[PDB]
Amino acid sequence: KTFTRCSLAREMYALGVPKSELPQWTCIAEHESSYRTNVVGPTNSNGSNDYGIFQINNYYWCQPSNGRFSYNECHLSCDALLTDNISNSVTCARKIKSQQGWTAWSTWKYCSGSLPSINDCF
């Protein structure tokens, strides 16, 4: 359903995400999905859709279960990104960050500043 900054921070930390990255991740999530896990974003101009809490693109990162060509660089169904369990979205988001950086998110431009500490979450 819907996370809050801290619940998401807590879960991602739990999943192995460095606290250092959490203000950024949660900023991204707020911008991308308002923390909603089950969102498929509006169709992009190229016919793709973004999936899940981090709005991961179904052309590059996950495989549409509808058969649509994808690079599926995260090696998962896009549906896997819509689950209440953010594990898949977290791993995939982390892989994307690893490959293309935060800059892979359009919303990064909002999230690249001096974000508040995540410490209040712990």
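Don't overthink the numbering: it's just position in the shown sequence, from 1.
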Mean C-alpha B-factor comparison - 9-17 and 107-115, higher one
107-115
Assigned third (lowest, middle, highest) for the C-alpha B factor of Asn66
highest
CA B-factor ranking of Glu32, expressed as a third of its chain
middle
Mind checking which third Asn38 falls in for C-alpha B-factor across the chain?
highest
Sorting by Cα B-factor within the chain, modelled residues only, which third would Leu76 end up in: lowest, middle or highest?
highest
Ranked by Cα temperature factor within the chain, is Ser98 in the lowest third, the middle third or the highest third?
middle
